[PDB]
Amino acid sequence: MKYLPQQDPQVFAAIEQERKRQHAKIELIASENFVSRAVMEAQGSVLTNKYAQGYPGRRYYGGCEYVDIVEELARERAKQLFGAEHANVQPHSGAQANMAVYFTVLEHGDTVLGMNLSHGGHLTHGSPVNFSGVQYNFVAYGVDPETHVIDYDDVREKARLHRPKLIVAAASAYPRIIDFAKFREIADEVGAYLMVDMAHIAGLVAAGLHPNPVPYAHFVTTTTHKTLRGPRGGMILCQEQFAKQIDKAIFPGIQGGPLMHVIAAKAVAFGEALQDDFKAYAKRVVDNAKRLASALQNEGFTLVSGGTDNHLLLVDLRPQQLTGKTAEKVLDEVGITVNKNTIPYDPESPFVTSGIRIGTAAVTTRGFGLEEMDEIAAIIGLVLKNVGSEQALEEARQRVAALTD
């Protein structure tokens, strides 16, 4: 940075703290990642200066010839990556991508069936304090109380009982592969649309490490951040038959001018994801998560669903008589960043919880491998088994610093 340090000492000092924080801590929040210098440069570009409401070749302002090339690069690379018939790369966020799909196919008060929020469903999949739950009538399917795998018979029964116009699959805290074929079969049985929110698993899907929802879903939404390792923002993928309606939902439906600089950054991230080394990266993410799961179990921890098929795991802390809130707090003391997270059938409130959610995307990006997974598990064991020992926490602190350098 050349100009910011001079122009704004206060903002610069805070950014510099955050940069050093990102290096010093072990980032295990499952939705986090570190983007490339190329992605940031694209976001830091003069493209912020351009109004480009509308779509490539069909804009409502002149002078869009070059931002059109950028947006088309993003749409085409997205289509290559996921094999979708249509892409919309304008959503400001995962929230707005979801919002636009709902706006496309639902009327106010329509019934929607989504994953139980406390079993791993997202806020925008029907929270009563979110637009989704306020605007539409959400009902939930659950996971099995023992296996913690989605109960597909429950998905079916809820669908047949409630007759939703739309079924939503995908999750913010589900550690196993989702069976999109079964979701579509259920949708077909009740004449519902299927939407898949792949935000968490999008990078794994791109790398062929999770089944692709695109062939099974009418709509696929995602964040461009998370496992896809892109800038913060949203995207919609859909069948050609919904392209016009989806585009109109985003604009003029729910947004105005797109963030052209962020779209440039999306194009860059999609370019990176198309490369062989991103496939190798994503495999290491899943390999690391499996290793971390097994190493945690070796430390005596219980995992929701008994392990993981993806980048993320959930520790059920009930055997240790700890809440997720307590675990999150004490790990923060030693420089390990997790979040408290409800487990399925959690006896605690969402503000306390009995679990912590952990993902390996971020640490894998910084080059951690299997040996590091073992050490992270060992440090978590040391901490959570000795919450009242300042000596144990100091040892943990030192071992965390050894990992991050």
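One rule holds for the numbers: they count along the sequence shown, beginning at 1.
So, looking at the entry's B-factor column for Cα atoms, which has the higher mean, 238 to 246 or 69 to 77?
Stretch with the higher mean C-alpha B-factor: 238 to 246.
Of 102 to 110 and 330 to 338, the one with larger mean CA B-factor:
So the stretch with the higher mean C-alpha B-factor is 102 to 110.
Would you mind finding, among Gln135, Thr224, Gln90, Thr221, the residue with the largest C-alpha temperature factor in the entry?
The listed residue with the largest C-alpha B-factor is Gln135.
Go through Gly300, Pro175, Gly233, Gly324 one by one and give the residue whose Cα B-factor in the PDB entry is largest.
Highest C-alpha B-factor among the listed residues goes to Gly300.
Once the chain's modelled residues are ordered by C-alpha B factor and cut into thirds, is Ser118 in the lowest, middle or highest one?
Answer is highest: the recorded C-alpha B-factor places it there.
Please rank the C-alpha B-factors of the chain's modelled residues and tell me whether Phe270 sits in the lowest, middle or highest third.
It falls in the bottom third of the chain.
Using the B-factors in the PDB entry, rank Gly306's C-alpha atom against the chain and give the third, lowest, middle or highest.
Middle third by C-alpha B-factor.
Lowest, middle or highest third: where is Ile343 by C-alpha B factor in its chain?
Ranked within chain, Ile343 CA B lands in the highest tercile.
Among the modelled residues of its chain, does the C-alpha B-factor of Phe34 lie in the lowest, middle or highest third?
Lowest third, going by the recorded CA B-factors of the chain.
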